[PDB]
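Here we start with a single chain on its own, the form deposited in one PDB entry, put down as structure tokens.
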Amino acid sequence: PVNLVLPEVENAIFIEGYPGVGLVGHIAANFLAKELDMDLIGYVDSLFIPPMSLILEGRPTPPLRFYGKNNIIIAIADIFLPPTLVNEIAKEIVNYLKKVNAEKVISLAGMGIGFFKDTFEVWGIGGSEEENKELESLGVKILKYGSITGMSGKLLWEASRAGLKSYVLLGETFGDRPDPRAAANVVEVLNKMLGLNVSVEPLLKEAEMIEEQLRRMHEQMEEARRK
């Protein structure tokens, strides 16, 4: 039902940013793939993904794709998929990551707070206490109580169950709109965590434009959620 077309990357750092609240993970992951100059290395293939190519820089691309450079893989989705299919995809991802002895599984997500703050924060959660301690060492606050739905929640749990080091970074956000500023906050933490130096200035500079170009996608996603 789902096939991963994805070469083995030994000791992969796997970063997942599927669509979710504020599109925080989606914006962050797309920004990182582009800024780190990643190649398209694979995709998810299923009869249950609706028929489509996205054209990006004059190249056809499938809607669920993996970008790669060196030991880093970033997973992106341009459609918000139904729950059973998310579970099937998570299961294949975890089998892959087990197989290659992934070093880290990091989900990028949003946390809808329902009101404005002058400084939106980033929370973290780890798949075991060891990963919580790593996050605390980086000055990330640990989420104590709450819920993480969707691919990010499923991966956190399943990857940890498979004995992998798993994390979620959650950018606080309004809850009602695409939020490239929250995405920028998440990227800055990911930078610290992986020792990368990706500047988020281009993201903050285009925040208004990105908010506009993704407003329909966000609308699409919210409609699909409430089924």
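Under this definition, the rigid core comprises the largest set of C-alpha atoms superposing within 1.5 Å between the forms. Start at 1 with the first residue shown and count on from there.
- Comparing 80-88 with 111-119, the stretch with the higher mean C-alpha B-factor in the PDB entry is 111-119.
- Looking at 203-211 and 16-24 together, the entry lists the larger mean B-factor for 203-211, computed on C-alpha atoms.
- When the Cα B-factors of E172, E188, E158, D176 are read from the PDB record, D176 comes out highest.
- The entry lists a Cα temperature factor for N70 that places it in the highest third of the chain's modelled residues.
- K165: CA B factor lies in the middle third for its chain, per the PDB record.
- Split the chain's modelled residues into thirds by C-alpha temperature factor. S128 is in the highest one.
- In the deposited entry, the Cα temperature factor of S137 sits in the top third of values across the chain's modelled residues.
- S152 sits in the lowest third of its chain by CA B factor, as recorded in the PDB entry.
What follows is about the form deposited in another entry, which we do not show.
- Once you line up the core between the shown form and the other one, the Cα of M221 ends up 2 Å or more from where it was.
- Annotation: Cα of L203 displaced by less than 2 Å between the shown form and the other one, core superposition.
- With a cut-off of 2 Å and the rigid core superposed, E212 has a Cα displacement that reaches or exceeds the cut-off between the shown form and the other one.
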